[PDB]
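*Asks:* So that we are looking at the same thing, I have put the structure below in structure tokens.
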Amino acid sequence: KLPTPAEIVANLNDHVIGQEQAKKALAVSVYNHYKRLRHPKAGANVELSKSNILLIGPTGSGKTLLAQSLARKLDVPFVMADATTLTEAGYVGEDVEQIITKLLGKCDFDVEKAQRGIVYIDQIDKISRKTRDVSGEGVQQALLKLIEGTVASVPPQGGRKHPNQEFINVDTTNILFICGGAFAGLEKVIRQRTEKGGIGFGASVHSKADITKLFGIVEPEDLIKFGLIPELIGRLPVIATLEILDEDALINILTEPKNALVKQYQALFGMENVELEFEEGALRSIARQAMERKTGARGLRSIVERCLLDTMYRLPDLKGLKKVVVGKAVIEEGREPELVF
Amino acid sequence: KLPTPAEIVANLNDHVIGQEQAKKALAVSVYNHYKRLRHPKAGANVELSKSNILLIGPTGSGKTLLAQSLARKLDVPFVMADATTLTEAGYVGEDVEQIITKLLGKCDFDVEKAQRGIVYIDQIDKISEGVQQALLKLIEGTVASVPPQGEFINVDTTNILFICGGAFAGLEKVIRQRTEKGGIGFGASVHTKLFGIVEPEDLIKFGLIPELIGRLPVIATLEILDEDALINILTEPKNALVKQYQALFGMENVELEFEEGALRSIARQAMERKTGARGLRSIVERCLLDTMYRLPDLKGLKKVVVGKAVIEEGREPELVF
Amino acid sequence: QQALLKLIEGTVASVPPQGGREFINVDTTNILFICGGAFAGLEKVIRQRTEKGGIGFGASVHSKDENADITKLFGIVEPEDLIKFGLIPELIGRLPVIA
Amino acid sequence: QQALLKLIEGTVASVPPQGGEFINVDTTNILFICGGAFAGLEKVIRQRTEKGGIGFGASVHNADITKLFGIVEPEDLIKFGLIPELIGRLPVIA
Amino acid sequence: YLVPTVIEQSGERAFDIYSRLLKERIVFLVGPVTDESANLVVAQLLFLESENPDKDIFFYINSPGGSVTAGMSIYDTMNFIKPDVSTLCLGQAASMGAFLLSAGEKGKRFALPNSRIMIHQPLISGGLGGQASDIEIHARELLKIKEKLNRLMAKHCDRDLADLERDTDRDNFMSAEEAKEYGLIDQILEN
Ligand SMILES: Nc1ncnc2c1ncn2[C@@H]1O[C@H](COP(=O)(O)OP(=O)(O)OP(=O)(O)O)[C@@H](O)[C@H]1O
Ligand SMILES: Nc1ncnc2c1ncn2[C@@H]1O[C@H](COP(=O)(O)OP(=O)(O)O)[C@@H](O)[C@H]1O
Ligand SMILES: [Mg+2]
């Protein structure tokens, strides 16, 4: 039968550290997606509709990773689009039907399978409203009909969306859309709404909580002030939020996931039959250095690579080197690892 | 088999001169990349990801030559791309995977070879955003479709190694803004070592999107070619300009020779143009056009000596019969 | 909007055949067209028309409610507001029923 | 440009027979001489140079397209619209 | 005066030339030391500490003197903030200008080769009118300021208080070399 939301989350924990509430939202939505797909479609049966998601989170928190990790066990077509590549219909650039074109290409152009697929639209915040806004509000307007039920006309994987063009009819009624983006200036809007206060001897001054706390209480009013049109927010009823990664999340990302960076280099060192070991202080230092540079989980790979460069240059020649040890000094200082024979 | 990081540098020293730090960095990253591509990519194993390289160096330092030499060594296909050939407006997608069509054409459209190839992207700094976003979406794992070799073909670029490079002109001042005391002060730092300590915040301040920096973990620097290296380049490499033109004169009965002062002066002239070893070919051809036209007419000639006066002054090469 | 003027009104459209791209002639004279849309900034135009909102001693002042009543204002919409919103009169005249 | 580059570099072309069985033609040894009046090249070069100056001790200054064409660089032709891989295959510039 | 506008390469940002120099941690004290000119120096010193508490601040001084209290606001700000305040004498550093010059971080007090540095006891810190009781009070306050200035100057110069009391009795003009030998500056810049 279908995988329960708990089982879906269990396979998201092997790849994503933290963000439990968004994992709940994604799992429940995918479970309801399956149930809707196998719900009888005729007779006295009630007609079900979909509940799309708006996945809000800071840069490098795990939105694109949540989608990729969810796609491994979807059993339905899945794609990852980027709203920044879209434009208004009559202007140079990609149209919103190219998303369905990609979704249709992932499933051997079987329309019956694409009409039941899932779509992730990244950088949904970069098309915000704030003359003709071909790259912003125009894309939001073009997505309104596509997100909800419509019959799109897509090109056959070959060209643009032209009048002199052969087309395929795809019904996006049962296609689940997952929008995501790093609404940077959203914390300011939420703070303006929740901490209005006022000026004057007779005015009431309101008390004056970072990106995580404010995102956890986001409302459509803030998303409208940010630049999203209400017609789009109404089509994204579910709003899931990601917590920004801290130092402890970074060290867990280094060690805990199935294909974690430490496991990456451990397996890479198992090729030449040597053991790679990281001290706890070494991982804590890598996390501090990735945080101080304000990179996030993006920069952990650069740190480990720059620390193991000179040792990897000498791996296939150093015979008898049973173990390699990375200490706190190797991370913080310009030192070389310990090479135990 | 597979060449070790030491053997890669050994064979790569014959084609490129200098930039030893970038040479070993490329060797390690490439060896690790093509060892990851030999992992048991199935089961309960660890899904291995690639590590790309960012080559920061002046023009004519040999970045493209480094990438092409690595490709020739490892039997993989290679195509150079230019971020300057990608426009802001329009279908940045449709032309960003045309590079895949180029790479496929370089290997008989066999996806098994192209998916494990190398791609060099020129002028990575000249795009300091839609182009950056497309290069990011392509550097990361994605399945792109291109026309056939004559039905469409699929290519997954997750296993393709990407070596981006460019001459970050104003990056050194971005670094000095945080590494030195002051710029305009009386006693305050008035003006590749600082390129060697480049950090992600400098590249981001330069205007590179952070997600692109996140997929370019290896940063290697190339030093400017001095007047000495430009002489070796003229004589030492496998495809040295002196060697090429000596073969041109050698298919006939005339031995071409250069004076050491001629090589030094022509290297200084190339260095004065801010182009590195790229300008060496034009000035050598200019210098040898004195005889390449007359040599057909000359009879009884045995050798030609190219002196420094031919490169510096309007002098003719000495014709001894 | 200009391209829809002759389509809403009676014309003869030339469309491709049933299969691939003789074109088919279709008369849209008896084809009923029902346009619809959420005119977002329309209530502000209706309010600016009906509510002067002047300044001074000789101007009647009324901005005592922050949010425009969309229902009451839409109920008194006229072609003047749709023209100031962005629609052309040639299209409004072809849409005589405003529900 | 790309279909032309695929010929300028060493490849094998398939062409109809001598009569009405295609012939394989290897173009490794076929010399290509390309030409044209690059009408935007003088502006490209004049943007690369022609810095000028101001003041008493500075040199101040119809386009002299003769000396401009005499100082063409491959990047100028790239800006004109030619693919870099084609210019790299055209080393001799007359 | 028209202050020129310069362009900083980063995009581009247009600065007046003094804001551009403040970006390089250069603070100018030009002309008399007043409440307003001293508070601008204090505001710049406070701002530069926030930007980078570790990097040196360069305090360029071309001043004939001014108010003691105004100069003391600069002086206490220089000593309070974490980053070293290097001082440079351009043209002249006289009276409180010489005091603030000597107040720079020891080892980082500079003067240009033809600069003029003048030290002297304070003049009127304010008028001495009113009754003899008021005049006695203002005379006592001026003497306390005189002793405080000589004591702080002697500390800056590694000299005895008795030396500064002699040398500040009347206007003591010094070349850059004499100020270096005296202890007001540490180095003389040439190139
Ligand atoms: N919660 C997490 N668990 C494990 N790895 C993570 C997590 N968050 C980020 N990463 C690491 O960061 C890299 C990219 O993160 P990801 O692309 O998911 O961030 P993002 O939310 O998409 O950022 P942006 O909003 O800028 O697109 C991944 O390769 C992953 O290894
Ligand atoms: N380090 C080097 N060693 C040998 N030849 C070089 C080197 N650097 C540049 N060249 C020569 O310069 C020409 C073009 O250099 P290029 O690859 O464009 O450098 P870059 O990629 O740094 O601009 C090549 O023909 C190459 O022979
Ligand atoms: Mg992402």
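Chain identifiers are assigned as A, B, and so on, following the order in which chains appear in the structure tokens; residues are numbered from 1 within each chain, and ligands are numbered from 1 in order of appearance.
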Show me which residues sit within 9 Å of ligand 1 when counting only C-alpha atoms and all ligand atoms, and put them as a count of residues only.
*Replies:* 50
*Asks:* When you look at range 302-307 of chain A with a cut-off of 7 Å (counting only C-alpha atoms), what residues show up, excluding the ones that are within fewer than 4 positions of it in the same chain? I need them as a list in words.
*Replies:*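 My list of contacting residues is residues 286, 330 and 331 of chain A; 217 and 218 of chain B.
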*Asks:* Give me, as an MDAnalysis selection string, the residues of chain B touching chain A, with the criterion being at most 7 Å (counting only C-alpha atoms).
*Replies:* chainID B and resid 4:5 28 36 46:48 89:91 201 214 217:218
*Asks:* Could you please write out, as JSON, numbers by chain, every residue of chain E that DSSP assigns to strand (DSSP E)?
*Replies:* {"E": [5, 6, 7, 8, 9, 12, 13, 14, 15, 16, 26, 27, 28, 29, 30, 57, 58, 59, 60, 61, 62, 63, 85, 86, 87, 88, 89, 90, 91, 92, 93, 94, 109, 110, 111, 116, 117, 118, 119, 172, 173, 174, 187, 188]}
*Asks:* Could you tell me how far CA of residue 200 in chain B lies from CA of residue 182 in chain B, in Å and to one decimal?
*Replies:* 21.3 Å
*Asks:* Return the single residue from B:99, B:234, B:161, B:175 that is closest to residue 246 in chain B, with distances computed using only C-alpha atoms.
*Replies:*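 Distance minimum relative to residue 246 in chain B lands on B:234.
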*Asks:* Using only C-alpha atoms, which residues sit within 10 Å of residue 33 in chain C once same-chain residues fewer than 2 positions away are excluded, as a ChimeraX atom specification?
*Replies:* /C:7-9,28,30-31,35-36,94-95
*Asks:* Next, dump the selected residues to file, keeping only N, CA, C and O atoms, as a PDB file, in the first residue's frame.
*Replies:*
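Listing of out.pdb after writing:
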ATOM      1  N   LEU C   7     -12.451  38.980 -32.347  1.00  0.00           N
ATOM      2  CA  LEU C   7     -12.786  37.605 -31.987  1.00  0.00           C
ATOM      3  C   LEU C   7     -14.088  37.544 -31.198  1.00  0.00           C
ATOM      4  O   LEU C   7     -14.961  36.720 -31.489  1.00  0.00           O
ATOM      5  N   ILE C   8     -14.225  38.403 -30.185  1.00  0.00           N
ATOM      6  CA  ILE C   8     -15.481  38.492 -29.445  1.00  0.00           C
ATOM      7  C   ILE C   8     -16.612  38.880 -30.388  1.00  0.00           C
ATOM      8  O   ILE C   8     -17.609  38.164 -30.522  1.00  0.00           O
ATOM      9  N   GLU C   9     -16.461  40.012 -31.071  1.00  0.00           N
ATOM     10  CA  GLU C   9     -17.386  40.369 -32.136  1.00  0.00           C
ATOM     11  C   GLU C   9     -17.322  39.324 -33.250  1.00  0.00           C
ATOM     12  O   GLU C   9     -16.396  38.517 -33.328  1.00  0.00           O
ATOM     13  N   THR C  28     -17.263  33.308 -35.336  1.00  0.00           N
ATOM     14  CA  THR C  28     -17.467  33.570 -33.918  1.00  0.00           C
ATOM     15  C   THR C  28     -18.623  34.528 -33.657  1.00  0.00           C
ATOM     16  O   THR C  28     -18.683  35.132 -32.579  1.00  0.00           O
ATOM     17  N   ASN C  30     -21.859  33.869 -33.232  1.00  0.00           N
ATOM     18  CA  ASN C  30     -22.783  33.327 -32.245  1.00  0.00           C
ATOM     19  C   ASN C  30     -22.071  32.613 -31.101  1.00  0.00           C
ATOM     20  O   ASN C  30     -22.701  31.828 -30.385  1.00  0.00           O
ATOM     21  N   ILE C  31     -20.781  32.866 -30.911  1.00  0.00           N
ATOM     22  CA  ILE C  31     -20.024  32.270 -29.816  1.00  0.00           C
ATOM     23  C   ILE C  31     -20.052  33.229 -28.633  1.00  0.00           C
ATOM     24  O   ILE C  31     -19.547  34.352 -28.722  1.00  0.00           O
ATOM     25  N   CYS C  35     -15.856  36.832 -20.059  1.00  0.00           N
ATOM     26  CA  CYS C  35     -14.581  37.249 -19.498  1.00  0.00           C
ATOM     27  C   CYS C  35     -14.682  37.347 -17.982  1.00  0.00           C
ATOM     28  O   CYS C  35     -15.749  37.619 -17.427  1.00  0.00           O
ATOM     29  N   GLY C  36     -13.557  37.114 -17.315  1.00  0.00           N
ATOM     30  CA  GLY C  36     -13.526  37.149 -15.867  1.00  0.00           C
ATOM     31  C   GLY C  36     -12.138  37.459 -15.365  1.00  0.00           C
ATOM     32  O   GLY C  36     -11.137  37.073 -15.977  1.00  0.00           O
ATOM     33  N   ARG C  94     -17.865  45.682 -26.047  1.00  0.00           N
ATOM     34  CA  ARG C  94     -18.159  44.321 -26.476  1.00  0.00           C
ATOM     35  C   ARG C  94     -18.499  43.398 -25.316  1.00  0.00           C
ATOM     36  O   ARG C  94     -18.893  42.250 -25.554  1.00  0.00           O
ATOM     37  N   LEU C  95     -18.354  43.866 -24.077  1.00  0.00           N
ATOM     38  CA  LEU C  95     -18.736  43.121 -22.880  1.00  0.00           C
ATOM     39  C   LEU C  95     -19.861  43.882 -22.187  1.00  0.00           C
ATOM     40  O   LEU C  95     -19.649  44.517 -21.145  1.00  0.00           O
TER      41      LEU C  95
END
*Asks:* What parts of range 6-147 of chain B does DSSP call alpha helix (DSSP H)? I'd like the answer as a PyMOL selection string.
*Replies:* chain B and resi 6-12+20-36+63-73+92-96+98-105+111-114+130-139
*Asks:* Using only C-alpha atoms, determine which residues lie at most 12 Å from residue 15 in chain B, disregarding the query and same-chain residues fewer than 4 positions distant; provide the list as a tab-separated table (two decimals) with N, CA, C and O atoms, in the first residue's frame.
*Replies:*
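Listing of out-v5.tsv after writing:
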chain	number	residue	atom	x	y	z
B	8	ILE	N	50.09	12.78	-12.74
B	8	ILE	CA	49.37	13.82	-13.47
B	8	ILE	C	50.21	15.08	-13.58
B	8	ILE	O	50.36	15.66	-14.66
B	9	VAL	N	50.80	15.51	-12.46
B	9	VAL	CA	51.66	16.68	-12.47
B	9	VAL	C	52.91	16.42	-13.31
B	9	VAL	O	53.42	17.32	-13.99
B	10	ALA	N	53.42	15.18	-13.28
B	10	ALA	CA	54.60	14.85	-14.06
B	10	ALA	C	54.35	15.06	-15.55
B	10	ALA	O	55.14	15.72	-16.24
B	11	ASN	N	53.25	14.51	-16.07
B	11	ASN	CA	52.94	14.68	-17.48
B	11	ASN	C	52.47	16.10	-17.79
B	11	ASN	O	52.64	16.58	-18.92
B	19	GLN	N	53.02	27.53	-11.99
B	19	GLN	CA	51.71	27.34	-11.36
B	19	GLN	C	51.62	25.97	-10.68
B	19	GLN	O	50.63	25.25	-10.82
B	23	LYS	N	48.69	23.22	-10.24
B	23	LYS	CA	48.92	21.92	-10.88
B	23	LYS	C	48.57	20.78	-9.93
B	23	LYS	O	47.85	19.85	-10.29
B	62	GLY	N	47.63	30.14	-18.54
B	62	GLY	CA	47.56	28.74	-18.88
B	62	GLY	C	46.38	27.97	-18.32
B	62	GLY	O	46.45	26.73	-18.28
B	63	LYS	N	45.32	28.65	-17.88
B	63	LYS	CA	44.17	27.95	-17.31
B	63	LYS	C	43.56	26.98	-18.32
B	63	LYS	O	43.36	25.80	-18.02
B	64	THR	N	43.24	27.47	-19.52
B	64	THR	CA	42.70	26.60	-20.56
B	64	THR	C	43.69	25.50	-20.92
B	64	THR	O	43.29	24.35	-21.17
B	65	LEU	N	44.98	25.82	-20.96
B	65	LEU	CA	45.99	24.81	-21.26
B	65	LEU	C	46.07	23.76	-20.16
B	65	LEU	O	46.26	22.57	-20.45
B	66	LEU	N	45.92	24.18	-18.90
B	66	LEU	CA	45.89	23.22	-17.80
B	66	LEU	C	44.73	22.24	-17.96
B	66	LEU	O	44.90	21.03	-17.84
B	67	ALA	N	43.53	22.77	-18.23
B	67	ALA	CA	42.36	21.91	-18.36
B	67	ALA	C	42.49	20.97	-19.56
B	67	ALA	O	42.17	19.78	-19.46
B	68	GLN	N	42.97	21.49	-20.69
B	68	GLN	CA	43.12	20.65	-21.87
B	68	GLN	C	44.21	19.60	-21.68
B	68	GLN	O	44.08	18.48	-22.19
B	69	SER	N	45.27	19.93	-20.95
B	69	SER	CA	46.32	18.95	-20.67
B	69	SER	C	45.80	17.83	-19.78
B	69	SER	O	46.10	16.65	-20.00
B	70	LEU	N	45.02	18.18	-18.75
B	70	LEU	CA	44.40	17.17	-17.91
B	70	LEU	C	43.50	16.25	-18.73
B	70	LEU	O	43.50	15.03	-18.54
B	72	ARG	N	43.63	15.58	-22.09
B	72	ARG	CA	44.46	14.73	-22.93
B	72	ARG	C	45.09	13.59	-22.13
B	72	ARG	O	45.25	12.48	-22.65
B	73	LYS	N	45.44	13.85	-20.87
B	73	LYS	CA	46.07	12.83	-20.05
B	73	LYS	C	45.09	11.72	-19.68
B	73	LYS	O	45.42	10.54	-19.75
B	232	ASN	N	61.19	29.80	-21.47
B	232	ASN	CA	60.99	28.36	-21.45
B	232	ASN	C	59.82	27.97	-22.34
B	232	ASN	O	59.93	27.06	-23.17
B	233	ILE	N	58.69	28.69	-22.20
B	233	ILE	CA	57.51	28.45	-23.03
B	233	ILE	C	57.87	28.49	-24.51
B	233	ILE	O	57.31	27.74	-25.32
B	234	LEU	N	58.82	29.35	-24.88
B	234	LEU	CA	59.23	29.43	-26.28
B	234	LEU	C	60.10	28.26	-26.70
B	234	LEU	O	60.13	27.93	-27.89
B	235	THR	N	60.79	27.61	-25.77
B	235	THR	CA	61.75	26.56	-26.12
B	235	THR	C	61.40	25.20	-25.54
B	235	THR	O	61.50	24.19	-26.26
B	236	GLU	N	61.00	25.12	-24.28
B	236	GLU	CA	60.87	23.85	-23.57
B	236	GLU	C	59.65	23.01	-23.94
B	236	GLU	O	59.81	21.80	-24.14
B	237	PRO	N	58.44	23.57	-24.03
B	237	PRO	CA	57.25	22.72	-24.15
B	237	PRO	C	57.29	21.79	-25.36
B	237	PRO	O	58.06	21.97	-26.30
B	238	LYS	N	56.43	20.78	-25.29
B	238	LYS	CA	56.28	19.82	-26.38
B	238	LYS	C	55.90	20.51	-27.69
B	238	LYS	O	56.32	20.07	-28.76
B	239	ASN	N	55.13	21.59	-27.61
B	239	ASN	CA	54.66	22.34	-28.77
B	239	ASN	C	55.23	23.76	-28.76
B	239	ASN	O	54.52	24.73	-29.02
B	240	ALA	N	56.52	23.89	-28.46
B	240	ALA	CA	57.14	25.20	-28.37
B	240	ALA	C	57.12	25.90	-29.73
B	240	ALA	O	57.25	25.26	-30.78
*Asks:* Please tabulate, as a Markdown table, the residues of chain B that come within 10 Å of chain D, each with its closest pair of atoms and the distance in Å to one decimal, counting only C-alpha atoms and ordering rows by chain, then residue number upward.
*Replies:*
| residue | atom | partner | partner_atom | distance |
| --- | --- | --- | --- | --- |
| B:79 | CA | D:85 | CA | 9.5 |
| B:80 | CA | D:85 | CA | 8.4 |
| B:81 | CA | D:84 | CA | 9.0 |
| B:82 | CA | D:84 | CA | 8.3 |
| B:84 | CA | D:79 | CA | 8.9 |
| B:85 | CA | D:83 | CA | 8.1 |
| B:102 | CA | D:2 | CA | 8.9 |
| B:105 | CA | D:6 | CA | 9.0 |
| B:106 | CA | D:6 | CA | 9.7 |
| B:281 | CA | D:91 | CA | 9.4 |
| B:282 | CA | D:91 | CA | 9.1 |
| B:285 | CA | D:92 | CA | 9.8 |
*Asks:* For the residues in that selection, give me C-alpha atoms as a PDB file, in the first residue's frame.
*Replies:*
ATOM      1  CA  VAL B  79      35.256  21.514 -24.372  1.00  0.00           C
ATOM      2  CA  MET B  80      35.888  25.101 -23.308  1.00  0.00           C
ATOM      3  CA  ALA B  81      32.851  27.278 -22.621  1.00  0.00           C
ATOM      4  CA  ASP B  82      32.686  31.049 -22.220  1.00  0.00           C
ATOM      5  CA  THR B  84      30.687  35.779 -21.968  1.00  0.00           C
ATOM      6  CA  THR B  85      28.873  33.750 -24.662  1.00  0.00           C
ATOM      7  CA  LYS B 102      29.478  20.460 -28.175  1.00  0.00           C
ATOM      8  CA  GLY B 105      30.075  16.000 -30.661  1.00  0.00           C
ATOM      9  CA  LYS B 106      33.637  15.767 -29.349  1.00  0.00           C
ATOM     10  CA  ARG B 281      52.937  33.564 -31.390  1.00  0.00           C
ATOM     11  CA  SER B 282      52.141  36.868 -33.112  1.00  0.00           C
ATOM     12  CA  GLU B 285      55.480  35.070 -36.686  1.00  0.00           C
TER      13      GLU B 285
END
*Asks:* Which residues of chain B sit at most 10 Å from chain E, using only C-alpha atoms? Give each one's shortest atom pair and distance in Å (one decimal place), in chain and ascending residue order, as JSON lines.
*Replies:*
{"residue": "B:128", "atom": "CA", "partner": "E:11", "partner_atom": "CA", "distance": 9.8}
{"residue": "B:170", "atom": "CA", "partner": "E:10", "partner_atom": "CA", "distance": 8.3}
{"residue": "B:171", "atom": "CA", "partner": "E:10", "partner_atom": "CA", "distance": 9.5}
{"residue": "B:173", "atom": "CA", "partner": "E:10", "partner_atom": "CA", "distance": 9.1}
{"residue": "B:174", "atom": "CA", "partner": "E:10", "partner_atom": "CA", "distance": 7.6}
{"residue": "B:177", "atom": "CA", "partner": "E:24", "partner_atom": "CA", "distance": 8.6}
{"residue": "B:178", "atom": "CA", "partner": "E:55", "partner_atom": "CA", "distance": 9.4}
{"residue": "B:179", "atom": "CA", "partner": "E:55", "partner_atom": "CA", "distance": 9.7}
{"residue": "B:180", "atom": "CA", "partner": "E:55", "partner_atom": "CA", "distance": 8.4}
{"residue": "B:181", "atom": "CA", "partner": "E:55", "partner_atom": "CA", "distance": 6.0}
{"residue": "B:182", "atom": "CA", "partner": "E:24", "partner_atom": "CA", "distance": 5.2}
{"residue": "B:183", "atom": "CA", "partner": "E:24", "partner_atom": "CA", "distance": 6.0}
{"residue": "B:184", "atom": "CA", "partner": "E:24", "partner_atom": "CA", "distance": 6.2}
{"residue": "B:185", "atom": "CA", "partner": "E:26", "partner_atom": "CA", "distance": 6.7}
{"residue": "B:186", "atom": "CA", "partner": "E:189", "partner_atom": "CA", "distance": 8.7}
{"residue": "B:187", "atom": "CA", "partner": "E:189", "partner_atom": "CA", "distance": 8.5}
{"residue": "B:188", "atom": "CA", "partner": "E:24", "partner_atom": "CA", "distance": 8.9}
{"residue": "B:205", "atom": "CA", "partner": "E:10", "partner_atom": "CA", "distance": 7.6}
{"residue": "B:206", "atom": "CA", "partner": "E:10", "partner_atom": "CA", "distance": 7.2}
{"residue": "B:207", "atom": "CA", "partner": "E:10", "partner_atom": "CA", "distance": 8.9}
*Asks:* I need the residue nearest ligand 3 from this list: A:125, A:116, A:232, A:198. Use only C-alpha atoms and all ligand atoms for the distance.
*Replies:*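 The shortest atom-to-atom distance to ligand 3 comes from A:125.
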*Asks:* Could you name the residues that touch residue 183 in chain E at 9 Å or less, counting only C-alpha atoms, but leaving out those on the same chain fewer than 3 positions away, as a ChimeraX atom specification?
*Replies:* /E:102,154,156-159,178-180,186
*Asks:* I'd like the neighbourhood of residue 65 in chain E as a compact mmCIF listing (two decimals) with N, CA and C atoms, in the first residue's frame, where a residue qualifies if any of its atoms comes within 10 Å (using only C-alpha atoms), though same-chain residues fewer than 2 positions away should be ignored.
*Replies:*
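The new file selection.txt reads:
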# COMPACT_ATOMS: atom_id res chain seq x y z
N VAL E 30 40.89 69.58 10.98
CA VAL E 30 41.42 70.71 10.23
C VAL E 30 40.83 71.99 10.79
N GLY E 31 41.69 72.94 11.11
CA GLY E 31 41.26 74.21 11.65
C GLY E 31 41.04 74.14 13.15
N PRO E 32 40.39 75.17 13.69
CA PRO E 32 40.22 75.25 15.15
C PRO E 32 39.40 74.10 15.70
N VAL E 33 39.71 73.72 16.93
CA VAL E 33 38.98 72.67 17.64
C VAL E 33 37.79 73.31 18.34
N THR E 34 36.59 73.01 17.85
CA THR E 34 35.35 73.53 18.41
C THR E 34 34.49 72.36 18.88
N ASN E 62 45.74 69.09 11.30
CA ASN E 62 46.22 70.37 10.78
C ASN E 62 45.41 71.44 11.50
N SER E 63 45.83 71.77 12.72
CA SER E 63 45.01 72.60 13.60
C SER E 63 45.85 73.57 14.42
N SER E 67 39.35 74.82 21.69
CA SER E 67 38.82 74.63 23.03
C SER E 67 39.45 73.42 23.70
N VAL E 68 39.74 73.55 25.00
CA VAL E 68 40.33 72.45 25.75
C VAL E 68 39.30 71.34 25.96
N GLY E 71 38.80 69.53 22.74
CA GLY E 71 39.93 68.65 22.50
C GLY E 71 39.96 67.46 23.44
N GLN E 92 50.55 72.04 10.62
CA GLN E 92 50.82 72.43 11.99
C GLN E 92 49.94 71.67 12.97
N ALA E 93 50.47 71.47 14.17
CA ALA E 93 49.73 70.96 15.32
C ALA E 93 50.12 71.85 16.49
N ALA E 94 49.27 72.82 16.80
CA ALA E 94 49.55 73.80 17.84
C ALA E 94 48.50 73.71 18.94
N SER E 95 48.94 73.97 20.17
CA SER E 95 48.07 74.04 21.35
C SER E 95 47.38 72.70 21.52
N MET E 96 46.05 72.63 21.55
CA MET E 96 45.37 71.34 21.66
C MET E 96 45.64 70.45 20.46
N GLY E 97 45.99 71.03 19.31
CA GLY E 97 46.40 70.22 18.18
C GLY E 97 47.67 69.45 18.45
N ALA E 98 48.64 70.09 19.11
CA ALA E 98 49.85 69.38 19.52
C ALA E 98 49.56 68.38 20.63
N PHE E 99 48.61 68.70 21.51
CA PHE E 99 48.22 67.76 22.56
C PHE E 99 47.63 66.49 21.96
N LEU E 100 46.70 66.64 21.02
CA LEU E 100 46.10 65.48 20.38
C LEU E 100 47.11 64.74 19.51
N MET E 118 53.67 73.26 18.01
CA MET E 118 53.80 74.28 19.04
C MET E 118 53.03 73.87 20.28
N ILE E 119 53.69 73.93 21.43
CA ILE E 119 53.09 73.60 22.71
C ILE E 119 53.16 74.83 23.61
N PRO E 122 47.66 76.86 28.44
CA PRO E 122 46.39 77.35 27.90
C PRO E 122 46.20 78.83 28.17
*Asks:* Calculate how many Å separate CA of residue 43 in chain A from CA of residue 151 in chain A, rounding to one decimal.
*Replies:*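 Going from CA of residue 43 in chain A over to CA of residue 151 in chain A, I get 23.0 Å.
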*Asks:* If we count only C-alpha atoms, which residues of chain A reach to within 10 Å of chain C? Please list them as an mmCIF file with C-alpha atoms, in the first residue's frame.
*Replies:*
data_model
loop_
_atom_site.group_PDB
_atom_site.id
_atom_site.type_symbol
_atom_site.label_atom_id
_atom_site.label_comp_id
_atom_site.auth_asym_id
_atom_site.auth_seq_id
_atom_site.Cartn_x
_atom_site.Cartn_y
_atom_site.Cartn_z
ATOM 1 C CA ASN A 164 3.105 28.013 -35.182
ATOM 2 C CA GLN A 165 3.813 25.136 -32.825
ATOM 3 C CA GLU A 166 2.641 21.580 -32.277
ATOM 4 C CA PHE A 167 1.234 21.054 -28.799
ATOM 5 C CA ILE A 229 -0.026 38.650 -5.133
ATOM 6 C CA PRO A 230 -2.923 37.264 -3.044
ATOM 7 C CA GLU A 231 -4.105 35.151 -5.986
#
*Asks:* Counting only C-alpha atoms, what is within 8 Å of residue 227 in chain A, bar same-chain residues fewer than 4 positions away, as a list in words?
*Replies:*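 Neighbouring residues, sequence-local ones excluded: residues 128, 129, 130 and 223 of chain A.
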*Asks:* Report the distance between CA of residue 246 in chain A and CA of residue 209 in chain B in Å, rounded to one decimal place.
*Replies:*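 Result for CA of residue 246 in chain A versus CA of residue 209 in chain B: 21.7 Å, one decimal.
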